[PDB]
Structures are given as structure tokens and as C-alpha cells.
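For reference, the structure is listed below as C-alpha cells.
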Amino acid sequence: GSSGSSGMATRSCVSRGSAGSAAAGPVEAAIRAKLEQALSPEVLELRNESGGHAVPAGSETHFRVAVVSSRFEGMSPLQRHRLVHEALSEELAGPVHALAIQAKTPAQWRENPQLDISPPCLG
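1221 is the number of the first residue of the sequence shown in my numbering; add one for each residue after it.
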């Protein structure tokens, strides 16, 4: 068992219908990885909400992101989203249909760095 050689997965996975393992996904990650280099805020939080309507697991239409950059320093509430939306225009125009984007500043975050994407239902 020496490394170097070129192996291969070679393993039938098989899984159709409902798939959504591991936290986040390739879409969400991007939404972040993007804004990450498309804004490079001080605090970029993102997670899967999928809670409200009557949709089965896997639905990645509703999302919540928390961006913390100075870009939105005394800016409009629309512009903020626009900025992101602009970077991830395909997101809002494809998979994501409506995601609550949190546009804050590195000055305000400090005040209330506590987000609110979910209720206090922890244990």
C-alpha cells in the first residue's frame, strides 16, 4: 500500500430522489466562497434554513447569509442585497429563489454580532 500510484474511487454509490448529506452544499458554499472573495467581510455566516412552507428535505430555495463588511457602510438596504445578488445573480436566478441576506458592518456587528436565522431551539 504505497502512495503515489493513481487509484480510483470505483464504488457504486447509488442514491436518487432525496439527497442532501453533509452540512451545506456546493451551492451554498459557493454563495459564501464567492461573497468571500467578492466582498471579503469580517464575518460571513451561511447555513441551510429550509423551514416554513410545505417542502420536502433537499429544497435549497430558502437560504440565510450573514455578511459583515464595511462595503455596506451607511448604504441602502436594497443596494446591499444587490451587491451580493450581483455577485450571485445566478443563485437568486436558479437555485436560490429567496434568501435573507444579512448586510451589516464591522462596526454594527461588534454591537450585535448575534444573528437571528433560527429560534432558540438548541440543546
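Every residue gets a Cβ at the ideal spot worked out from N, C-alpha and C, and that includes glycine.
With distances taken Cα to Cα, identify the nearest neighbour of residue i among the options.
i, options, result
"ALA1250", "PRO1339, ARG1330, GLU1311", "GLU1311"
"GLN1257", "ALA1242, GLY1221, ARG1291, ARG1284", "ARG1291"
"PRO1333", "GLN1322, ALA1244, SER1241", "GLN1322"
"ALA1244", "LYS1254, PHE1283, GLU1331, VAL1304", "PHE1283"
Can you grab the Cα-Cα spacing for the pair residue i / residue j, in whole Å?
i, j, result
"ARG1252", "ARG1267", "10 Å"
"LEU1298", "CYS1341", "30 Å"
"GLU1280", "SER1222", "41 Å"
"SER1309", "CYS1233", "32 Å"
"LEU1259", "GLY1294", "16 Å"
"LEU1319", "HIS1273", "14 Å"
Do residue j and residue i count as a contact pair if the criterion is CB distance below 8 Å?
i, j, result
"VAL1288", "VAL1316", "no"
"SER1235", "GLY1278", "no"
"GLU1265", "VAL1285", "yes"
Starting from residue i, follow the beta strand (DSSP E) in both directions and report where the run begins and ends.
i, result
"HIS1282", "1282-1288"
"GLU1265", "1263-1268"
DSSP beta-bridge partners for residue i?
i, result
"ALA1318", "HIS1282"
"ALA1323", "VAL1287"
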